[PDB]
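**Q** In the deposited numbering, the protein residues as written are 355 to 626.
Beta carbons: idealized from backbone N, C-alpha and C, even for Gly.
Mind looking over this structure? Questions follow.
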Amino acid sequence: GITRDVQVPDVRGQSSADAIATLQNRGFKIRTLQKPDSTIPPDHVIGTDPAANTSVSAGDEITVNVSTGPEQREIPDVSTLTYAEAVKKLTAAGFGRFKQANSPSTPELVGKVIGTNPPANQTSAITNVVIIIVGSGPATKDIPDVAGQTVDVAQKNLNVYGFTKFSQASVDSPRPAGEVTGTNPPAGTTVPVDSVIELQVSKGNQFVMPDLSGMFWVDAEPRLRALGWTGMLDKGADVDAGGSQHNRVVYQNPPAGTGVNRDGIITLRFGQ
């Protein structure tokens, strides 16, 4: 006959709080089901389940249908070199709306994704499109080790790398003239190909002078002139000192057999 089960008053059409409050007061329990987006029944009670409207035992669980606000996704982080995973991630994020832009960038960002133009840690809508920019187009390269090679070879190596602008600075060195001492920037330094690279060149500024010891100046003179000597000649006073000194070279300031300065300055003396 009459059910000892109790029919539970419904209060749908108001709010979740009021509905739950009524049931909770009576000792009933509820189950709340959330669904993302408000295109489906809002979090406020518009409808309920007739379980409560039926005679049930006091202390049952009534299901309430709730929806949560608009769906947005926070953008997952991905390795910049892994564009495939990046696009995958936007796709797995719902929207899957992405653009790929290439921009000439600083050498370190070239070759990989730099990020997204909109904030990549923040939320984007499922209808929102994210433009992703990848660094492309380098005009920078790292200069190789170039020391011990000739200037001609050095400039050639630099030109091969695309460094068309070079300048060579020659400084005196024990190292022979022509050997590249090194470069202004060290090896491995990434620089623009359109930059002017400085090749520092060893300048020996020395050439070996042949023996002229104990000979006559009548021999010394044509020999020096013949070898293309052009410097400063020290001819002092003519001194009659005897046979040992007659037109004989007394000493040669730069020792025979070694390298003499680029000037070639020879100090020699003869008597008369």
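Roughly how many angstroms separate the alpha carbons of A501 and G558, rounded to a whole number?
**A** Translated into positions along the sequence shown, residue 501 becomes position 147. Translated into positions along the sequence shown, residue 558 becomes position 204. Using only the alpha carbons, I get a separation of about 15 Å.
**Q** Tell me the DSSP bridge mates of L444?
**A** Looking up residue 444 in the sequence shown gives position 90. Its beta-bridge partners do not exist; DSSP assigns none.
**Q** Count the other CB atoms, across all protein chains shown, that sit within 10 Å of the CB of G491; report buried if there are 16 or more and exposed otherwise.
**A** Taking the sequence shown and counting its residues from 1, one reaches residue 491 at position 137. Exposed, since its Cβ has fewer than 16 Cβ neighbours within 10 Å.
**Q** Under 8 Å, do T543 and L553 count as touching if we go by C-beta distance?
**A** For this step, residue 543 is matched to residue 189 along the sequence shown. For this step, residue 553 is matched to residue 199 along the sequence shown. The answer is no: Cβ separation not under 8 Å.
**Q** Cα separation between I619 and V547?
**A** Your numbering for residue 619 matches position 265 in the sequence shown. Your numbering for residue 547 matches position 193 in the sequence shown. Each residue's alpha carbon lies about 43 Å from the other.
**Q** Give the secondary structure of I374 by DSSP, where H, G and I count as helix, E and B as strand, and everything else as coil.
**A** Here residue 374 refers to the residue found at position 20 when the sequence shown is read from its first residue. Helix, per DSSP.
**Q** At a cut of 8 Å, does the stretch 473 to 489 reach the stretch 446 to 463 through at least three beta carbon pairs?
**A** Yes: at least three Cβ pairs fall under 8 Å.
**Q** Should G590 go down as buried or exposed, given a rule of 16 or more other Cβ atoms within 10 Å for buried?
**A** Position 236 of the sequence shown, counted from the first residue, corresponds to residue 590. Burial call: exposed.
**Q** Can you look up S598 in the DSSP assignment and give me helix, strand or coil?
**A** The sequence position of residue 598 within the sequence shown is 244, counting from 1. In the structure shown, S598 sits in a helix (DSSP, three-state: H, G or I).
**Q** Could you work out which residue in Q522, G448, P539 is closest to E533 when comparing CA atoms only?
**A** One-based indexing of the sequence shown puts residue 533 at position 179. Per the Cα distances, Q522.
**Q** Drop a sphere of 10 angstroms on the beta-carbon of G625, count the other beta-carbons inside from all chains shown, and report buried for 16 or more, exposed for fewer.
**A** In the sequence shown, residue 625 corresponds to position 271, counting from 1. Looking at its Cβ environment, which holds 16 or more other Cβ atoms inside 10 Å, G625 is buried.
**Q** DSSP state of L587, grouped into three classes?
**A** Counting from one through the sequence shown, the residue named residue 587 turns up at place 233. The answer is strand: DSSP assigns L587 an E or B state.
**Q** Using three-state DSSP, classify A574 as helix, strand or coil.
**A** Residue numbering aside, residue 574 sits at position 220 when the sequence shown is read from its first letter. Helix at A574.
**Q** In this structure, how does DSSP classify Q476 when only helix, strand and coil are distinguished?
**A** As a working mapping, residue 476 is identified with position 122 in the sequence shown. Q476 falls in the coil class under three-state DSSP.
**Q** Grab me the residues of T417's own chain with a C-beta within less than 6 Å of its C-beta, minus the 5 sequence neighbours each way, in chain order.
**A** The count along the sequence shown starts at 1 and reaches residue 417 at position 63. Excluding positions up to five away in sequence, the list reads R385, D403.
**Q** What does the Cβ neighbour count give for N607, buried or exposed, with the cut at 16 atoms within 10 Å?
**A** Residue numbering aside, residue 607 sits at position 253 when the sequence shown is read from its first letter. Exposed.
**Q** Buried or exposed for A447, going by 16 or more other Cβ atoms inside 10 Å?
**A** Locating residue 447 in the sequence shown gives position 93, where the first residue counts as 1. So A447 counts as buried.
**Q** Does the beta-carbon of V514 have 16 or more other beta-carbons within 10 angstroms, so that it is buried, or is it exposed?
**A** By 1-based counting over the sequence shown, the position of residue 514 is 160. Looking at its Cβ environment, which holds fewer than 16 other Cβ atoms inside 10 Å, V514 is exposed.
**Q** If you follow the beta strand (DSSP E) that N419 is in, where does it begin and where does it stop?
**A** Numbered from 1 along the sequence shown, position 65 holds the residue referred to as residue 419. Its beta strand (DSSP E) spans residues 415 to 422.
**Q** Which of helix, strand or coil does DSSP assign to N511?
**A** Reading the sequence shown from its first residue, position 157 is the one you call residue 511. Residue state, collapsed to three classes: helix.
**Q** What does the alpha-carbon distance come out to for the pair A371 and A406?
**A** As a position in the sequence shown, residue 371 is number 17, starting the count at 1. As a position in the sequence shown, residue 406 is number 52, starting the count at 1. Rounded to the nearest angstrom, the two C-alpha atoms are 16 Å apart.
**Q** Is DSSP giving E439 helix, strand or coil here?
**A** Position 85 of the sequence shown, counted from the first residue, corresponds to residue 439. Three-state result, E439: helix.
**Q** For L578, count the other beta carbons within 10 Å of its own beta carbon; 16 or more makes it buried, fewer makes it exposed. Which is it?
**A** The count along the sequence shown starts at 1 and reaches residue 578 at position 224. Buried, since its Cβ has 16 or more Cβ neighbours within 10 Å.
**Q** Using the beta-carbon count (16 or more within 10 Å), is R602 buried or exposed?
**A** In the sequence shown, residue 602 corresponds to position 248, counting from 1. So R602 counts as buried.
**Q** Between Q503 and the rest of its own chain, which residues show a CB-CB distance below 8 Å, the 5 nearest in sequence each way excluded?
**A** Working through the sequence shown from its first residue, we reach residue 503 at position 149. Contacts found: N511, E533, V534.
**Q** Rounded C-beta distance between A531 and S556? I'm assuming under 8 Å.
**A** In the sequence shown, the residue the question calls residue 531 occupies position 177. In the sequence shown, the residue the question calls residue 556 occupies position 202. Correct: roughly 7 Å between the Cβ atoms.
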